[PDB]
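**Student:** Sharing protein.cif here; it has mmCIF, C-alpha atoms.
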```cif
data_start
loop_
_atom_site.label_atom_id
_atom_site.label_comp_id
_atom_site.auth_asym_id
_atom_site.auth_seq_id
_atom_site.Cartn_x
_atom_site.Cartn_y
_atom_site.Cartn_z
CA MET A 1 -5.26 -6.95 -6.68
CA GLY A 2 -1.94 -5.05 -7.33
CA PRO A 3 -0.39 -1.51 -7.19
CA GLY A 4 -2.51 -0.07 -10.07
CA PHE A 5 -5.73 -1.09 -8.25
CA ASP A 6 -4.20 0.23 -4.96
CA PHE A 7 -3.70 3.78 -6.41
CA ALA A 8 -7.16 3.71 -8.09
CA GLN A 9 -8.85 2.66 -4.78
CA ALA A 10 -7.06 5.42 -2.83
CA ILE A 11 -8.46 8.02 -5.33
CA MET A 12 -12.00 6.52 -5.33
CA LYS A 13 -12.32 6.29 -1.51
CA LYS A 14 -11.45 9.98 -0.86
CA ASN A 15 -11.82 11.96 -4.15
CA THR A 16 -15.16 10.82 -5.73
CA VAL A 17 -18.84 11.61 -5.20
CA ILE A 18 -21.96 10.42 -7.06
CA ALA A 19 -23.26 13.38 -9.15
CA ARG A 20 -26.86 13.36 -10.53
CA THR A 21 -28.07 15.82 -13.23
CA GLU A 22 -31.23 15.62 -15.45
CA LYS A 23 -28.99 13.62 -17.89
CA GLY A 24 -28.13 10.80 -15.36
CA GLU A 25 -25.86 9.62 -12.52
CA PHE A 26 -22.06 10.15 -13.04
CA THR A 27 -18.85 9.36 -11.23
CA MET A 28 -17.49 12.84 -10.29
CA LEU A 29 -13.80 13.41 -9.40
CA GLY A 30 -13.10 16.03 -6.68
CA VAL A 31 -9.69 17.71 -7.39
CA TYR A 32 -9.17 20.30 -4.56
CA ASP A 33 -11.22 22.58 -2.24
CA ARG A 34 -14.87 22.42 -3.58
CA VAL A 35 -13.76 21.99 -7.25
CA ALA A 36 -14.70 18.79 -9.14
CA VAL A 37 -14.95 17.63 -12.80
CA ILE A 38 -17.66 15.85 -14.82
CA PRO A 39 -18.21 15.18 -18.56
CA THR A 40 -19.71 18.24 -20.31
CA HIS A 41 -22.58 16.05 -21.67
CA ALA A 42 -23.87 15.79 -18.03
CA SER A 43 -25.32 19.35 -18.72
CA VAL A 44 -24.64 20.73 -15.20
CA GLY A 45 -27.15 23.44 -14.17
CA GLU A 46 -27.65 25.79 -11.19
CA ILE A 47 -28.47 22.78 -8.87
CA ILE A 48 -26.90 19.25 -8.84
CA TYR A 49 -27.36 16.24 -6.47
CA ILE A 50 -24.09 15.14 -4.74
CA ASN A 51 -24.51 11.74 -2.93
CA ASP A 52 -28.35 12.40 -3.16
CA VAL A 53 -28.11 15.86 -1.45
CA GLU A 54 -29.39 19.00 -3.23
CA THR A 55 -26.30 21.22 -3.85
CA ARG A 56 -26.03 24.72 -5.39
CA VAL A 57 -23.52 25.05 -8.25
CA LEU A 58 -21.35 28.16 -7.48
CA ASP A 59 -19.61 28.04 -10.93
CA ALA A 60 -19.50 25.68 -13.94
CA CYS A 61 -17.13 26.04 -16.94
CA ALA A 62 -17.21 23.78 -20.04
CA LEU A 63 -13.56 23.74 -21.17
CA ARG A 64 -12.53 24.32 -24.82
CA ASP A 65 -9.01 24.50 -26.28
CA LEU A 66 -7.57 27.72 -27.78
CA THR A 67 -8.86 26.63 -31.26
CA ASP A 68 -12.39 26.81 -29.59
CA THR A 69 -12.67 22.95 -29.84
CA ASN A 70 -14.69 21.00 -27.18
CA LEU A 71 -12.54 19.20 -24.49
CA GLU A 72 -15.65 17.46 -22.88
CA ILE A 73 -14.51 18.49 -19.33
CA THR A 74 -16.75 20.70 -17.16
CA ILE A 75 -15.10 22.16 -13.99
CA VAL A 76 -17.74 22.61 -11.24
CA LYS A 77 -17.41 24.50 -7.96
CA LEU A 78 -19.90 23.02 -5.45
CA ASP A 79 -21.61 24.82 -2.47
CA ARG A 80 -20.50 21.94 -0.23
CA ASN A 81 -19.56 22.18 3.49
CA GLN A 82 -16.40 20.03 3.05
CA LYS A 83 -13.21 20.23 0.89
CA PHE A 84 -11.70 17.41 -1.18
CA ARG A 85 -8.19 16.15 -0.50
CA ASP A 86 -5.93 18.16 -2.86
CA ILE A 87 -4.81 15.70 -5.62
CA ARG A 88 -3.49 18.28 -8.15
CA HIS A 89 0.11 16.92 -7.72
CA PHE A 90 -1.13 13.62 -9.31
CA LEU A 91 -2.19 15.41 -12.58
CA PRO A 92 0.09 15.21 -15.64
CA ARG A 93 1.55 18.48 -16.98
CA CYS A 94 1.50 17.46 -20.71
CA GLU A 95 -0.39 15.30 -23.25
CA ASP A 96 1.02 11.75 -23.22
CA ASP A 97 0.50 8.01 -23.79
CA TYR A 98 0.44 5.59 -20.77
CA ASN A 99 0.86 1.92 -19.92
CA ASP A 100 -1.29 -0.20 -17.58
CA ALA A 101 -4.25 2.12 -16.71
CA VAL A 102 -7.32 1.39 -14.54
CA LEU A 103 -10.80 2.86 -15.10
CA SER A 104 -12.72 3.17 -11.77
CA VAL A 105 -16.50 3.86 -11.46
CA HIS A 106 -18.70 4.41 -8.43
CA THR A 107 -22.49 4.81 -8.99
CA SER A 108 -25.77 3.22 -7.69
CA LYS A 109 -25.59 0.90 -10.86
CA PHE A 110 -21.78 0.11 -10.65
CA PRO A 111 -20.44 0.49 -7.03
CA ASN A 112 -16.72 -0.25 -6.37
CA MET A 113 -16.08 -1.08 -10.06
CA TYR A 114 -12.40 -1.26 -11.27
CA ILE A 115 -11.43 -2.20 -14.89
CA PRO A 116 -7.82 -2.85 -16.02
CA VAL A 117 -7.98 -1.19 -19.50
CA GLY A 118 -4.24 -1.64 -20.36
CA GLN A 119 -2.40 0.64 -22.81
CA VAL A 120 -3.72 4.23 -23.25
CA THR A 121 -3.07 6.05 -26.62
CA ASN A 122 -2.92 9.86 -27.00
CA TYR A 123 -5.63 9.62 -29.71
CA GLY A 124 -6.16 13.42 -30.10
CA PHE A 125 -9.16 14.26 -32.31
CA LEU A 126 -12.48 12.36 -31.91
CA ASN A 127 -15.95 13.05 -33.30
CA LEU A 128 -17.68 12.33 -30.01
CA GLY A 129 -21.50 12.02 -30.39
CA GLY A 130 -21.23 14.36 -33.45
CA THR A 131 -19.07 16.94 -31.55
CA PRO A 132 -15.41 17.52 -32.68
CA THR A 133 -13.35 16.87 -29.48
CA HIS A 134 -9.58 17.23 -28.76
CA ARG A 135 -7.17 15.73 -26.13
CA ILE A 136 -8.86 12.27 -26.22
CA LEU A 137 -7.17 9.21 -24.67
CA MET A 138 -8.17 5.77 -26.05
CA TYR A 139 -8.08 2.27 -24.51
CA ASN A 140 -9.08 -1.02 -26.08
CA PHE A 141 -11.85 -1.98 -23.64
CA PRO A 142 -15.58 -2.40 -24.48
CA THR A 143 -16.84 0.24 -22.01
CA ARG A 144 -20.65 0.60 -21.53
CA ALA A 145 -23.29 3.17 -20.56
CA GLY A 146 -22.88 3.98 -16.83
CA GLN A 147 -19.05 4.45 -16.97
CA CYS A 148 -19.06 8.21 -17.93
CA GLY A 149 -17.14 10.28 -15.39
CA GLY A 150 -15.11 7.15 -14.45
CA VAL A 151 -11.57 8.01 -13.34
CA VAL A 152 -8.57 6.83 -15.42
CA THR A 153 -5.35 6.33 -13.37
CA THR A 154 -1.95 4.80 -13.64
CA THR A 155 0.30 4.13 -10.62
CA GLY A 156 0.92 7.66 -9.33
CA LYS A 157 -1.14 9.65 -11.91
CA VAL A 158 -4.81 10.69 -12.44
CA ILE A 159 -4.82 11.11 -16.24
CA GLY A 160 -8.48 11.48 -17.46
CA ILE A 161 -12.24 10.96 -17.08
CA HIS A 162 -14.23 8.47 -19.25
CA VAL A 163 -16.49 10.34 -21.80
CA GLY A 164 -17.53 7.65 -24.37
CA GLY A 165 -17.00 4.47 -26.34
CA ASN A 166 -17.75 2.78 -29.70
CA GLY A 167 -18.50 -0.79 -28.39
CA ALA A 168 -14.81 -1.97 -28.72
CA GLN A 169 -12.79 1.14 -27.57
CA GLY A 170 -13.33 3.59 -24.70
CA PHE A 171 -12.39 7.29 -24.70
CA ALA A 172 -11.35 9.65 -21.88
CA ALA A 173 -10.83 13.44 -21.78
CA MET A 174 -7.31 14.36 -20.54
CA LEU A 175 -6.88 16.01 -17.17
CA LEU A 176 -3.95 18.45 -17.13
CA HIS A 177 -2.46 20.26 -14.11
CA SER A 178 -2.94 23.64 -15.96
CA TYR A 179 -6.77 23.25 -15.82
CA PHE A 180 -6.66 23.69 -11.95
CA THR A 181 -4.04 26.40 -11.25
CA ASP A 182 -5.81 28.98 -8.88
#
```
If you convert what's in this file into structure tokens, what do you get?

**Tutor:**
Amino acid sequence: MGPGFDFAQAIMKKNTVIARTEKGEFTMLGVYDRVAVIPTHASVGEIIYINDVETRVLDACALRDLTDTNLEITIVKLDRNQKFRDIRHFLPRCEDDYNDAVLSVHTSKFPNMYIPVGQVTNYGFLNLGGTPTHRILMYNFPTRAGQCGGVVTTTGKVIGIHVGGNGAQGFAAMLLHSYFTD
């Protein structure tokens, strides 16, 4: 409908796949080459389904900060025959707050779904499903089961992936450029 939705659509149409693990179907953001991200609670194993195709996992790393605190981001390298468009230049370098964000989801349950979530707070610490978690972004939208892995964008930046909610607020794990230096 406007330039926020335009940026979000450009990311969804080229940089997302549908990932299926034993824990469900997730929006998965491809970042560069065969490297993608997914919430750590997806419990990625040795094999994952990517757009309903059986795919070997070449590497999977559940990120933690230097205090050994969960970040809820798993970086996955996929044995896929095709590279993602390199979007690392759209990743923020530092923790921050944002205005006017969109949450975008693409699954069998929610295809082509875009949600204007508004203002995004650098919330920091969250007890997420019982697990102490750092680098959490918060938005005041009543997000629902099926939105995990959803991409959070502003105009010009890819800032996080949806990891949870409490019925009134939604929570995303930060994406930072430093996660994907190679």

**Student:** For the structure provided, state which residues fall under the PyMOL selection byres ((chain A and resi 96) around 9), and present them as a list in words.

**Tutor:**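 Applying the PyMOL selection byres ((chain A and resi 96) around 9) to the structure shown produces residues 92, 94, 95, 97, 98, 120, 121, 122 and 137 of chain A.
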
**Student:** To one decimal in Å, tell me the separation between atom CA of residue 138 of chain A and atom CA of residue 63 of chain A.

**Tutor:**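 Computing it gives 19.4 Å between the two atoms.
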
**Student:** At a cut-off of 10 Å, using all atoms listed in the file, what residues contact segment 111-115 of chain A? Leave out same-chain residues fewer than 4 positions from it and give the result as a PyMOL selection string.

**Tutor:** chain A and resi 5+8-9+12-13+27+101-107+141+143+147+150-152

**Student:** Expanded to explicit residues, what is the PyMOL selection byres ((chain A and resi 14) around 10) for this file, as a compact mmCIF listing (two decimals) with C-alpha atoms, in the coordinates of the input?

**Tutor:**
```txt
# COMPACT_ATOMS: atom_id res chain seq x y z
CA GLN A 9 -8.85 2.66 -4.78
CA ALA A 10 -7.06 5.42 -2.83
CA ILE A 11 -8.46 8.02 -5.33
CA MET A 12 -12.00 6.52 -5.33
CA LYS A 13 -12.32 6.29 -1.51
CA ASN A 15 -11.82 11.96 -4.15
CA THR A 16 -15.16 10.82 -5.73
CA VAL A 17 -18.84 11.61 -5.20
CA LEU A 29 -13.80 13.41 -9.40
CA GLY A 30 -13.10 16.03 -6.68
CA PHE A 84 -11.70 17.41 -1.18
CA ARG A 85 -8.19 16.15 -0.50
CA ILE A 87 -4.81 15.70 -5.62
```

**Student:** What does the distance between atom CA of residue 75 of chain A and atom CA of residue 53 of chain A come to in Å, to one decimal place?

**Tutor:**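 Between these atoms lies a distance of 19.1 Å.
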
**Student:** With 6 Å as the threshold, what does the neighbourhood of (-23.9, 25.3, -5.3) contain in terms of residues, counting all atoms listed in the file? Coordinates are those of the file; answer as JSON, numbers by chain.

**Tutor:** {"A": [55, 56, 57, 58, 78, 79]}

**Student:** Restricting it to C-alpha atoms, dump the selection as a PDB file, in the frame of the given file.

**Tutor:**
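And here's result_32.pdb as it stands now:
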```pdb
ATOM      1  CA  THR A  55     -26.300  21.220  -3.850  1.00  0.00           C
ATOM      2  CA  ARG A  56     -26.030  24.720  -5.390  1.00  0.00           C
ATOM      3  CA  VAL A  57     -23.520  25.050  -8.250  1.00  0.00           C
ATOM      4  CA  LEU A  58     -21.350  28.160  -7.480  1.00  0.00           C
ATOM      5  CA  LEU A  78     -19.900  23.020  -5.450  1.00  0.00           C
ATOM      6  CA  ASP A  79     -21.610  24.820  -2.470  1.00  0.00           C
TER       7      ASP A  79
END
```

**Student:** Written as a CSV table (one decimal) with C-alpha atoms, in the frame of the given file, which residues does the PyMOL selection byres ((chain A and resi 37) around 12) give for the file shown?

**Tutor:**
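Output file result_23.csv follows:
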```
chain,number,residue,atom,x,y,z
A,15,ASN,CA,-11.8,12.0,-4.2
A,16,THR,CA,-15.2,10.8,-5.7
A,17,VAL,CA,-18.8,11.6,-5.2
A,18,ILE,CA,-22.0,10.4,-7.1
A,19,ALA,CA,-23.3,13.4,-9.2
A,26,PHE,CA,-22.1,10.2,-13.0
A,27,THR,CA,-18.8,9.4,-11.2
A,28,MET,CA,-17.5,12.8,-10.3
A,29,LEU,CA,-13.8,13.4,-9.4
A,30,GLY,CA,-13.1,16.0,-6.7
A,31,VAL,CA,-9.7,17.7,-7.4
A,32,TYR,CA,-9.2,20.3,-4.6
A,34,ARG,CA,-14.9,22.4,-3.6
A,35,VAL,CA,-13.8,22.0,-7.2
A,36,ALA,CA,-14.7,18.8,-9.1
A,38,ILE,CA,-17.7,15.8,-14.8
A,39,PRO,CA,-18.2,15.2,-18.6
A,40,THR,CA,-19.7,18.2,-20.3
A,41,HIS,CA,-22.6,16.0,-21.7
A,42,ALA,CA,-23.9,15.8,-18.0
A,44,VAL,CA,-24.6,20.7,-15.2
A,59,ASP,CA,-19.6,28.0,-10.9
A,60,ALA,CA,-19.5,25.7,-13.9
A,61,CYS,CA,-17.1,26.0,-16.9
A,62,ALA,CA,-17.2,23.8,-20.0
A,63,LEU,CA,-13.6,23.7,-21.2
A,72,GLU,CA,-15.6,17.5,-22.9
A,73,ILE,CA,-14.5,18.5,-19.3
A,74,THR,CA,-16.8,20.7,-17.2
A,75,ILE,CA,-15.1,22.2,-14.0
A,76,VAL,CA,-17.7,22.6,-11.2
A,77,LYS,CA,-17.4,24.5,-8.0
A,78,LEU,CA,-19.9,23.0,-5.4
A,148,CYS,CA,-19.1,8.2,-17.9
A,149,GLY,CA,-17.1,10.3,-15.4
A,150,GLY,CA,-15.1,7.2,-14.4
A,151,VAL,CA,-11.6,8.0,-13.3
A,160,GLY,CA,-8.5,11.5,-17.5
A,161,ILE,CA,-12.2,11.0,-17.1
A,162,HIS,CA,-14.2,8.5,-19.2
A,163,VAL,CA,-16.5,10.3,-21.8
A,173,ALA,CA,-10.8,13.4,-21.8
A,174,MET,CA,-7.3,14.4,-20.5
A,175,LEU,CA,-6.9,16.0,-17.2
A,176,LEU,CA,-4.0,18.4,-17.1
A,179,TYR,CA,-6.8,23.2,-15.8
A,180,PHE,CA,-6.7,23.7,-12.0
```

**Student:** Could you tell me how far atom CA of residue 86 of chain A sits from atom CA of residue 49 of chain A, in Å to one decimal place?

**Tutor:**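 Value for the atom CA of residue 49 of chain A-atom CA of residue 86 of chain A distance: 21.8 Å.
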
**Student:** Go through A:45, A:131, A:170, A:83 and flag the residue nearest residue 119 of chain A, using all atoms listed in the file for the distances.

**Tutor:**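 Among A:45, A:131, A:170, A:83, it is A:170 that comes nearest to residue 119 of chain A.
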
**Student:** Have a look at A:1, A:136, A:48, A:159 and name the one nearest to residue 23 of chain A; count all atoms listed in the file.

**Tutor:**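 Of A:1, A:136, A:48, A:159, the one nearest residue 23 of chain A, counting all atoms listed in the file, is A:48.
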
**Student:** Would you fill out segment 34-50 of chain A with N, CA, C and O atoms and return it as a compact mmCIF listing (two decimals), keeping the file's coordinate frame?

**Tutor:**
```
# COMPACT_ATOMS: atom_id res chain seq x y z
N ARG A 34 -13.48 22.87 -3.26
CA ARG A 34 -14.87 22.42 -3.58
C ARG A 34 -14.98 22.25 -5.10
O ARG A 34 -16.08 22.29 -5.66
N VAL A 35 -13.85 22.05 -5.77
CA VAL A 35 -13.76 21.99 -7.25
C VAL A 35 -13.73 20.51 -7.68
O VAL A 35 -12.87 19.76 -7.23
N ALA A 36 -14.60 20.14 -8.61
CA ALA A 36 -14.70 18.79 -9.14
C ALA A 36 -14.82 18.86 -10.68
O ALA A 36 -15.00 19.99 -11.26
N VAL A 37 -14.78 17.71 -11.33
CA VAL A 37 -14.95 17.63 -12.80
C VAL A 37 -16.02 16.59 -13.14
O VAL A 37 -16.26 15.65 -12.37
N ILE A 38 -16.58 16.75 -14.33
CA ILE A 38 -17.66 15.85 -14.82
C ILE A 38 -17.66 15.99 -16.33
O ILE A 38 -17.29 17.05 -16.85
N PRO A 39 -18.08 14.96 -17.10
CA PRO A 39 -18.21 15.18 -18.56
C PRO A 39 -19.22 16.29 -18.88
O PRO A 39 -20.27 16.43 -18.29
N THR A 40 -18.88 17.08 -19.93
CA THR A 40 -19.71 18.24 -20.31
C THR A 40 -21.12 17.78 -20.72
O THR A 40 -22.09 18.49 -20.42
N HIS A 41 -21.24 16.59 -21.30
CA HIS A 41 -22.58 16.05 -21.67
C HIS A 41 -23.48 15.75 -20.47
O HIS A 41 -24.67 15.44 -20.69
N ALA A 42 -23.00 15.83 -19.23
CA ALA A 42 -23.87 15.79 -18.03
C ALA A 42 -24.79 17.01 -17.96
O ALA A 42 -25.78 16.93 -17.20
N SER A 43 -24.50 18.11 -18.67
CA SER A 43 -25.32 19.35 -18.72
C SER A 43 -25.59 19.88 -17.29
O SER A 43 -26.75 19.97 -16.82
N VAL A 44 -24.52 20.20 -16.59
CA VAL A 44 -24.64 20.73 -15.20
C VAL A 44 -25.42 22.04 -15.23
O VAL A 44 -25.10 22.91 -16.09
N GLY A 45 -26.37 22.20 -14.31
CA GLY A 45 -27.15 23.44 -14.17
C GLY A 45 -26.83 24.21 -12.92
O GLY A 45 -25.68 24.10 -12.45
N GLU A 46 -27.81 24.94 -12.38
CA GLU A 46 -27.65 25.79 -11.19
C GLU A 46 -27.68 24.93 -9.91
O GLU A 46 -27.21 25.37 -8.87
N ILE A 47 -28.30 23.75 -9.99
CA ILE A 47 -28.47 22.78 -8.87
C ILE A 47 -28.06 21.39 -9.38
O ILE A 47 -28.37 21.03 -10.55
N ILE A 48 -27.34 20.64 -8.54
CA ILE A 48 -26.90 19.25 -8.84
C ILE A 48 -27.13 18.43 -7.55
O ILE A 48 -27.13 19.04 -6.47
N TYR A 49 -27.31 17.13 -7.66
CA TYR A 49 -27.36 16.24 -6.47
C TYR A 49 -25.97 15.62 -6.31
O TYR A 49 -25.41 15.09 -7.29
N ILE A 50 -25.44 15.66 -5.09
CA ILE A 50 -24.09 15.14 -4.74
C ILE A 50 -24.36 14.11 -3.62
O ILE A 50 -24.82 14.53 -2.54
```
